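Just the heavy atoms: all of them, side chains too, but no hydrogens, waters or symmetry mates, feed the values below. Both counts, for ligands and for their atoms, begin at 1 and track the order of listing. The first residue in the sequence is number 1, and the count goes up from there.
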Amino acid sequence: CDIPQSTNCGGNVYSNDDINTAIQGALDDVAXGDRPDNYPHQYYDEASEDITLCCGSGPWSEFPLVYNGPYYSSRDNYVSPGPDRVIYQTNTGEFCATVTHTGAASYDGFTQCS
Ligand SMILES: [K+]
């Protein structure tokens, strides 16, 4: 669906520009910058969690949602992905959701941003 004007991920408020920047960073697989280590990766939708995706069928991918993005990291120059993520449709780039590890059932769990 359309990227929302704002999202609140456990107290970190991100704009539509932040979200678009994350998706475009995820999709930037052309040679120069390098793609980040470990991202984007497949998003695994957990049946016991309550995440609502607004993009229809998978496959889905997940990329870190950070300020002044896009996220980058490597083992040599590491930056935490932090708790916040954008989920997008791997093949179309369509926005699906923003989710966060903040306030989740466990360290690896997700809850939906608002
Ligand atoms: K690139």
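No side-chain heavy atom of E94 sits less than 4.5 Å from a side-chain heavy atom of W60.
Put simply, CG on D108 and NE2 on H101 are 7.5 Å apart, with the number rounded to the nearest 0.5 Å.
Note on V30: counted as a metal contact of the K ion (ligand 1), an N/O/S atom lying under 3.4 Å. Residue side and main chain included, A31 places no N/O/S atom under 3.4 Å of the K ion (ligand 1). The distance from the K ion (ligand 1) to the nearest N/O/S atom of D28 is under 3.4 Å.
For residues 61-114, the disulfide bond (SG atoms under 2.5 Å apart) pairs, not counting sequence neighbours, are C9-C113, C55-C96.
Separation of the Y72 and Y39 ring centroids does not fall under the 6.0 Å cut-off.
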